[PDB]
Amino acid sequence: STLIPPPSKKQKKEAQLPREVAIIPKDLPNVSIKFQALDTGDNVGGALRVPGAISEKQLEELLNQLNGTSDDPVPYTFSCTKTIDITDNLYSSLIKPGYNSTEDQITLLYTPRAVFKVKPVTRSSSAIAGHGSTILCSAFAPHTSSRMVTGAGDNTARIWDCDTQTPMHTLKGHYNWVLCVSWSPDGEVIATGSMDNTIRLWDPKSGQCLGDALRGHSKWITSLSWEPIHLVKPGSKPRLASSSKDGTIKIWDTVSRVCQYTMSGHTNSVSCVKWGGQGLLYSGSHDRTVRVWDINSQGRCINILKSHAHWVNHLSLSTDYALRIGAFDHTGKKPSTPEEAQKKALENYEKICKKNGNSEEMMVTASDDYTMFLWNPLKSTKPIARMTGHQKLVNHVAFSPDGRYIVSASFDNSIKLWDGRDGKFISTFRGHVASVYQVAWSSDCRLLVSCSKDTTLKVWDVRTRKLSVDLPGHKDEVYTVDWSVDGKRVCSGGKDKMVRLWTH
Amino acid sequence: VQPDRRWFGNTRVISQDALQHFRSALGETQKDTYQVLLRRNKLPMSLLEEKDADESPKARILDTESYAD
Amino acid sequence: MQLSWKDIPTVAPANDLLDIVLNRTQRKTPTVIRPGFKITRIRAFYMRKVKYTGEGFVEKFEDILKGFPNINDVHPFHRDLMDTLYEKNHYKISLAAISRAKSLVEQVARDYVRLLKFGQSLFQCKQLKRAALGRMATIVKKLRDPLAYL
Amino acid sequence: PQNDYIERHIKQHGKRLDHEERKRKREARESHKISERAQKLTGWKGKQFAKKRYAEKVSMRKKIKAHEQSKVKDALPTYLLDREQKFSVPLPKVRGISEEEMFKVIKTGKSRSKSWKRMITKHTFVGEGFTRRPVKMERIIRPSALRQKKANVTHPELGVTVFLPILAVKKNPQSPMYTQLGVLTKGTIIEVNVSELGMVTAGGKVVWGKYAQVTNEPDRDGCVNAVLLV
RNA sequence: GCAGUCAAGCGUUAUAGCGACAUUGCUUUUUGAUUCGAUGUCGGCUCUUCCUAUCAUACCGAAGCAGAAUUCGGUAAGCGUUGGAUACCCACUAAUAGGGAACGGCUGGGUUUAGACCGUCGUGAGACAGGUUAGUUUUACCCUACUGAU
RNA sequence: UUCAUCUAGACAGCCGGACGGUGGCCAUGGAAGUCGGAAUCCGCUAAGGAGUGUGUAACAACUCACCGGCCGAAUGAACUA
Ligand SMILES: [Mg+2]
Ligand SMILES: [Mg+2]
């Protein structure tokens with residue numbers, strides 16, 4: 001093993017020299033600050049003088065008082081403008097290096113954050129067997145972290161109990177590789193799209209197949225999407241969108257088990273389909289285009305976005321976490337009524353869509369031309385921004401659960417972190433030595449997990465933009481990774497035919 | 001050549017901490033004109049020479065459309 | 001302006017070009033060498049083979065590169081017309097592939113002449129010359145599609 | 001003339017009055033002509049004619065087989081489909097190479113009376129920081145044209161070949177003296193930089209150095225080929 | 001070249017083992033951008049002939065070969081294939097093709113013996129990793145062949 | 001040498017048929033079997049491809065795959081020496 005150089009004699013002597021203590025002076029004068037919001041840029045309180053030894057929580061309490069929510073505080077974070085976060089106190093964060101004098105005002109930008117905290121995963125809880133071929137896809141249940149669904153190449157899906165780390169149900173309806181699995185956003189039905197061009201629905205509590213398979217695709221299923229709960233009217237179930245290599249997007253009513261629309265604009269293989277929160281579907285295909293369809297207008301193509309010079313491989317919406325989660329939360333409470341479920345899902349979707357004046361739903365598209373395009377298709381059809389910098393194809397792209405960051409996983413063994421509003425480059429996560437297949441966020445948007453071709457998982461801390469913990473243990477290439485809604489478990493799977501559950 | 005299990009082992013490995021150390025250090029080195037290189041350390045320089053670039057290379061057009069098409 | 005580009009010599013496809021150049025070597029350079037000669041004579045024989053074949057490929061590639069118009073340096077009307085007719089991206093990529101092949105053939109010839117300076121017998125010298133010509137042939141075979149397009 | 005003037009000329013004027021008949025008789029004479037060429041061509045042209053005839057017949061048989069086959073009638077994820085790509089060594093025993101073959105006597109002096117300098121006729125790896133010894137005390141000569149730095153390594157897993165830099169010479173089977181001189185002949189064990197292959201140990205360490213065996217004769221083909229020892 | 005893939009055959013009752021043709025990876029990536037150790041024999045001049053593996057000249061065949069010009073090919077050695085400058089250039093030219101009879105007569109560099117200097121090594125006599133300068137070998141009237149002559 | 005065809009008709013030739021849904025769907029300025037991409041079905045048959053090539057800007061016309069009429073006794077294919 002190659003090692004870092006040892007300290008020299010001089011360095012050992014300076015280490016033996018007595019250390020200085022970073023202390024806070026007691027006569028430190030008051031400093032003028034101006035509060036300002038990151039998303040809206042509203043200056044609240046004007047230039048007010050605060051003690052130089054002010055702490056993060058005391059500053060946060062002052063801000064909650066000035067905004068008028070002292071009874072109901074929401075924890076925020078503070079940044080300074082080079083954007084530097086306020087860690088422990090203002091003196092240590094800014095004054096101690098001396099970048100700004102005390103007499104000068106400091107413009108402190110406050111950003112709301114998540115109330116709950118997700119611990120990093122540090123160890124493999126278990127290595128679970130049962131699949132006879134390579135594992136292709138995995139997802140957690142949206143309401144609980146105790147139920148996981150995994151589809152593999154032995155023509156089967158599997159429902160795993162994460163509590164005992166033991167298999168619970170085997171789903172053996174299909175005739176070929178189960179390419180995609182998806183859980184209903186109300187957590188009631190599992191949809192599996194296969195290599196044999198079929199979509200099969202399953203009851204997870206009994207591990208059973210609902211009727212017969214949905215048919216109509218002439219090529220293998222590539223992606224699945226669910227109708228958002230907040231758009232679904234109470235007393236009715238969401239519809240299922242499916243895409244395939246034949247270039248069509250088929251919409252299925254599961255209540256009556258029929259096909260309502262078959263959108264057919266694309267000319268090559270459709271890579272992905274995402275059902276947005278404003279009654280639209282976004283489809284990405286190998287014909288270098290992204291199509292915007294309106295479900296309210298009998299499945300017609302509204303827009304064609306053409307800015308990619310090669311295949312589009314993936315796309316991600318800003319509200320994707322909320323749309324997948326539906327009415328559930330990080331506490332996973334089951335609503336009393338479908339009415340209250342619909343209202344809570346609507347509020348959860350609105351808290352991310354409608355902000356900074358008007359509701360927006362940004363889309364990001366990751367392509368084979370080594371780039372990504374950031375769009376706001378509701379307002380403009382030209383791209384908002386172009387993100388370049390990757391040396392190989394961008395295989396996976398993901399919006400952060402609060403919609404403030406974009407993470408792009410490429411085949412150049414790298415991940416890149418971008419701003420989720422205007423798409424400017426922030427940082428590069430390095431450490432995978434082989435191509436990074438896909439990535440996943442935590443619920444509180446501080447931790448990111450990536451799986452690679454190098455048979456490893458990696459957990460990254462976003463705020464420090466550095467590697468948190470490297471997780472080996474898989475014997476072969478890892479294809480799929482996911483993080484639970486409550487943030488308690490991470491699942492992974494690949495060529496080793498073993499489902500790996502990881503915990504703190 | 002005799003059969004031996006030493007032929008099939010790894011000869012050099014490097015940890016993630018060491019990779020991060022050398023990746024950060026390569027860039028904080030300040031060359032002096034009066035210092036000469038007496039001996040170079042042996043490192044995985046392909047792993048270590050990773051720089052953020054503002055621009056991406058152009059796409060390959062022959063994948064989507066061949067000369068005959 | 002040139003305004004007209006009829007004076008471009010015929011572009012042979014990859015297999016035909018290989019036949020033309022390799023048979024030109026076999027015809028126009030002497031073919032009889034004996035293991036009983038001086039090693040200096042044997043080495044000069046095989047060096048001449050490698051150098052002559054490399055020059056033949058280089059002259060074909062140069063005749064291709066000099067004849068064809070420069071799409072970005074012509075009048076913009078002609079640039080747009082040739083872009084519509086021939087797809088400028090494919091045009092420049094094919095001509096650049098020819099240029100890369102020219103550089104690789106020159107490098108192969110130089111490397112194997114330098115190696116042939118240290119050959120100790122007819123067998124080794126012959127193997128080195130065959131390796132050089134085979135590498136040139138591999139480079140030319142990788143040009144099959146751009147040559148047909150051009 | 002402009003655009004497709006020969007096609008327009010044929011459309012407006014036709015062809016020569018004997019065109020179809022002459023072409024038809026030439027095609028009918030083709031069988032006799034092919035037989036005559038096969039029996040009359042000599043030397044290099046005859047050998048090439050026979051070679052091309054064999055290739056054409058193979059191609060026709062493959063086309064017939066494909067037609068009749070048509071007339072009768074890894075488990076990758078979604079983002080990887082529609083995309084394309086005992087501790088015994090593979091060479092336990094190799095040809096013995098004597099010192100007479102390995103070394104060339106270099107004569108020195110005005111009348112060539114001294115014969116103490118020796119030149120290595122094979123390819124070598126001299127390592128990092130190589131400086132030649134002064135000419136008065138240089139007995140062993142390793143010329144710069146025969147020094148190699150990189151090798152074509154084939155991985156048995158995934159069947160890929162990569163051009164990897166050479167780290168060291170571990171074992172030349174001919175002699176430990178050739179090992180310490182860095183001679184690269186067939187069957188030599190070398191250390192290679194495997195950083196671009198992305199290998200990770202069970203403990204999470206990144207592998208960047210492994211062993212390979214040389215499988216060819218670089219003095220004969222001008223390059224180093226090795227198979228990785230996994 | 002190494003490593004693989006295919007499979008016409010070879011093989012056989014144990015889908016083992018060989019294996020032509022095809023084919024992929026490395027070498028070697030995309031926008032026509034931008035000299036690295038020959039250890040031991042080389043060259044002129046005059047003059048003849050031979051090979052064809054043909055550069056030109058003759059006649060043919062093919063090609064988006066309009067014409068002009070060119071490219072690739074067939075028969076073909078009858079006939080030519082240069083002047084300079086220091087293996088590359090400049091030019092002229094129809095063209096400035098490759099090779100053998102040596103490398104299994106005068107002459108310049110070279111084996112260059114004795115003189116001499118510089119460099120490296122050697123305690124030294126001296127030797128060389130080397131560099132430079134100066135340095136006599138002189139048939140024919142014999143036979144034959146060849147050119148002419150009785 | 002081993003397979004096949006054959007007087008309820010061998011091979012070669014000449015003549016005739018070679019159809020209907022239908023210009024099948026997408027795509028194109030145009031594209032009707034015959035620039036392309038995917039399906040390649042059904043009917044009527046003695047037989048007839050959602051077509052083997054020539055051809056047209058697209059059609060047309062010709063062709064051959066297949067079937068029949070005339071003719072009348074052997075014929076074809078792959079292997080070995
Ligand atoms: Mg000839
Ligand atoms: Mg002397």
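The sequence lines fix the lettering, A, B, ..., with proteins before strands; numbering per chain opens at 1.
- Distance check on atom P: E:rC146 versus E:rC92 gives 48 Å, rounded to whole Å.
- With both hydrogen-bonding distances under 3.5 Å required, E:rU75 and E:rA134 do not qualify as a Watson-Crick or G-U wobble pair.
- Looking at A:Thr262 and A:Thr248, their side chains never bring a donor and an acceptor atom within 3.5 Å of each other.
- In this structure a side-chain-to-backbone donor-acceptor pair under 3.5 Å is present from C:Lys49 to C:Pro30.
- A donor-acceptor contact under 3.5 angstrom links the side-chain atoms of D:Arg132 to the base of E:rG37.
- Salt bridge absent: D:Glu56 and D:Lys52 never bring a charged side-chain N and a carboxylate O closer than 4.0 Å.
- Base orientation of E:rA66: anti, since the glycosidic angle falls outside 90° of 0.
- The base of E:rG4 lies outside donor-acceptor range of the side chain of D:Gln85, with no N or O pair under 3.5 Å.
- Checking E:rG104, E:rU39, E:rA129 against the side-chain heavy atoms of D:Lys136 singles out E:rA129 as nearest.
- Residues satisfying the salt bridge (charged side-chain N to carboxylate O under 4.0 Å, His left out) criterion with C:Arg41, sequence neighbours excluded, are absent altogether.
- Nucleotide E:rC55 is annotated as paired to E:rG80 [Watson-Crick or G-U wobble, both distances under 3.5 Å].
- A donor-acceptor pair shorter than 3.5 Å cannot be found between the side chains of D:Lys104 and D:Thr121.
- In the set E:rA66, E:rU30, E:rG40, the nucleotide with an atom closest to the side chain of D:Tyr5 is E:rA66.
- Here the nucleotide nearest the side chain of D:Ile6, chosen from E:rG37, E:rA66, E:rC42, is E:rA66.
- A donor-acceptor contact under 3.5 Å is formed by the side chain of C:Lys6 with the base of E:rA66.
- As a whole-Å value, the separation of C:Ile39 CD1 from E:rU39 P is 8 Å.
- Summarising the geometry, the separation between CZ on C:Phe37 and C1' on E:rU41 is reported as 17 Å, rounded to the nearest angstrom.
- Bases of consecutive nucleotides E:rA145 and E:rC146 are stacked, their six-membered rings being centred less than 5.5 Å apart at a plane angle below 30°.
- Taking atom CD1 of residue D:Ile10 and atom P of nucleotide F:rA57, one finds them 12 Å apart after rounding to whole Å.
- A donor-acceptor pair is defined here as one N or O able to donate and one able to accept, closer than 3.5 Å; no such pair exists between the side chain of A:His217 and the backbone of A:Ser244.
- Of the two residues near RNA chain E, C:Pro9 and C:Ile71, the one whose nearest nucleotide lies more 5' is C:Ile71.
- Inter-residue side-chain proximity for C:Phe123 and D:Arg220 is flagged as met; some heavy-atom pair is nearer than 4.5 Å.
- Summarising the geometry, the separation between NZ on A:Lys245 and P on F:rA38 is reported as 10 Å, rounded to the nearest angstrom.
- Contact of D:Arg112 with E:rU39 (side chain to base): a donor-acceptor pair of N or O atoms is detected under 3.5 Å.
- Sequence neighbours left out, the pairs with a member in residues 16-25 of chain C that pass salt bridge (charged side-chain N to carboxylate O under 4.0 Å, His left out) are C:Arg24-C:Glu59.
- In secondary-structure terms, RNA chain F builds stems of at least 3 consecutive Watson-Crick or G-U pairs, each pair having both distances under 3.5 Å, at F:1-5 with F:74-78, F:13-17 with F:66-70, F:19-21 with F:41-43.
- C:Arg27 has its CZ atom 9 Å from the P atom of E:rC72, to the nearest Å.
- Between C:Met136 atom CE and E:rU27 atom P the separation is 18 Å, expressed in whole Å.
- Rounded to whole angstrom, the span from the CE atom of D:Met60 across to the P atom of E:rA20 amounts to 24 Å.
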